[PDB]
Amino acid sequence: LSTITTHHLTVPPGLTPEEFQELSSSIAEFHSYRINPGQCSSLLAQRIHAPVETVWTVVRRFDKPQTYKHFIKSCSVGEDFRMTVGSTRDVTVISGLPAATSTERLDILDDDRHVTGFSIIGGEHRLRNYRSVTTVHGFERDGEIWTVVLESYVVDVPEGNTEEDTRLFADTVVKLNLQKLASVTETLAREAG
């Protein structure tokens, strides 16, 4: 039947076992899902050499995903947009012709614990029931500071497609965007001001 995910029981690539052991409780709390046989799920991680709040400032900007995501032609939130749970954005994604479109709902926004997440609720694409959660975590060792970003998703595997291809597609999109997040925020952190 329906199973529970095991992301919180395995070390994701781009993370040390030591980092994982510090995060296992957060991964269980924020990055676990009950999924059905038609579904798949994944957890991705990205180490960033920047302070938490520098990374969180970018991560939390629901109305501006283009700041850290690839292939975003536009993101409209209308007027008068306030950042509250339930608010939506219309993203236009230029990774093909015609451009894919996605209407996405802000599911979570916790500025204290640095948790956010969204659900895809419309548009033209093949990621039915896509939902993701992103958490941001600070690390310290001998006065040195860095950040780990964790991002997990659940999504329906579209008819005609394998779970492997579905996971490869979504994993690559999320991974490459976490890479852009790392570049953008490390640049911010490096230049300060």
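All residue numbers refer to positions in the sequence shown, first residue = 1.
The PDB entry reports B-factors from which the mean C-alpha value can be compared for 43-51 and 29-37; the larger average falls on 29-37. Across the two stretches, 106-114 and 74-82, the PDB entry reports the greater mean Cα temperature factor for 74-82. The deposited CA B-factor of residue 128 belongs to the middle third of values across its chain.
When all modelled residues of the chain are sorted by CA temperature factor, residue 22 is found within the middle third. Among all modelled residues in this chain, the alpha-carbon of residue 134 has a temperature factor (C-alpha) in the lowest third. Among all modelled residues in this chain, the alpha-carbon of residue 119 has a temperature factor (C-alpha) in the lowest third. Looking at the C-alpha B-factors along this chain, the one for residue 177 belongs to the lowest third.
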